[PDB]
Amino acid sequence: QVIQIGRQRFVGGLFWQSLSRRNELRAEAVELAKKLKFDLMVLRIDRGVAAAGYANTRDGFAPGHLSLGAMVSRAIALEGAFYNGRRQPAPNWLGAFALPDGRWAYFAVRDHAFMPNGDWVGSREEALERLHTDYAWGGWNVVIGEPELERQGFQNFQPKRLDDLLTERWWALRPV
């Protein structure tokens, strides 16, 4: 299900795979898509990360769909986060955001990379359940998300709406 944000079509629900950094990154990503059985990919390569985000046409994904996760994770990697009265990098963060159409997005990032299923879209209800479940593992710098999550009483929380974080060519899904 595309997520329409302004006149752009975004997607959640990619499967995130960290890459070895040892071989040609693109060729490694392709070979892993073949083993994991995915026909679409995005490639996230910056100083903080070498990772591929995968999807299948059969699940309703298509070339040209933009990765919402890629966009959000980039934006936090650049800005960092505000908590404890300080501006600091947030390599380990989790969050949930209202999308314009009423669905919610859930994100779980460690060392500036997505956890394998840390990019999810569905109901508010289930986004919160996913957030708490991952939260229990610990090692999280901050929860970043919809201002109403303050009432969850996480130790470190930064209110943030998706609008505040909003593209780059690399976000678009392409054939493997």
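Residues carry their position along the shown sequence, with the first being 1.
Counting the deposited residues that fall between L166 and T167 and carry no coordinates gives a value of 4 to 9.
Stretches compared: 80-88, 93-101. Higher mean C-alpha B-factor in the entry: 80-88.
Taking only CA atoms, the mean B-factor in the PDB entry is higher for 138-146 than for the other of 138-146 and 103-111. Note on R124, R47, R26, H65: the highest value goes to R47, judged by CA B factor as recorded. Annotation for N117: C-alpha temperature factor in the lowest third relative to the rest of the modelled chain, per the entry. Remark: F154 belongs to the highest third of its chain, ranked by C-alpha B-factor as recorded. In the deposited entry, the Cα temperature factor of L162 places it in the highest third of its chain's modelled residues.
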